[PDB]
């Protein structure tokens, strides 16, 4: 909340981001002032690949529901904390190394979160506790080595989960227990050596499961039995028992 007309440059000190606001609000210059009513007018920002280093000032935009910030240089995203109306958040390909616990506490309307291709090495347990409405979560292409059991436990509405291209070596047995609506699970290109029986027991809605390019040498009996809506199972790039090409013939071969 500003209470006097204030230059865009001084609310958003980032020159790239100030320019972003300017073009958004149909202004002539970043030195032009803006009203809070004009800041309230912003529902969406599309600023991919614009060399943004800081979104300081974004806190003054209560109505943003869509935020494309992919391919910038963001290190600190603490300013996002009170953007209560956020629906889609793309923070892919930035410089994010860690996420403060409680960052997502107030973002109860968020449905899509893309944090892919950052530098994340770990996620606080309970980071996603309040995201009841999330349908899509992309954590691919980071540096993650492990996922705490409980990390996805509140995400009962999740439909897509991409954890591919990290360095994960194992998976807690109850990790996916809550995701009864999950349709797509990408675990490919990690370092997983084995899968615990029951890991996929709750995922009766799953259509596509990608486990390709890991370190798996065998698979426990009945691992995929509960997956009655499976349409695609990719196990290539591991070293397991010989299988026929095709979903139906591979399935019946391992059953």
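Positions refer to the first chain, counted from 1.
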Hey, which bit's got the bigger mean C-alpha B factor in the entry, 204-212 or 23-31? 23-31
Higher avg CA temperature factor (82-90 vs 69-77, as deposited) belongs to 69-77
For 186, 63, 191, 48, the deposited C-alpha B-factor is largest at 48
For residue 234, does the deposited CA B-factor place it in the lowest, middle or highest third of the chain? lowest
CA B-factor ranking of residue 101, expressed as a third of its chain: highest
Select lowest, middle or highest to describe the third in which the CA B-factor of residue 138 falls within its chain in this entry. lowest
Lowest, middle or highest third - CA B-factor, residue 108: middle
Among the modelled residues of its chain, the C-alpha B-factor of residue 181 falls in the third labelled lowest
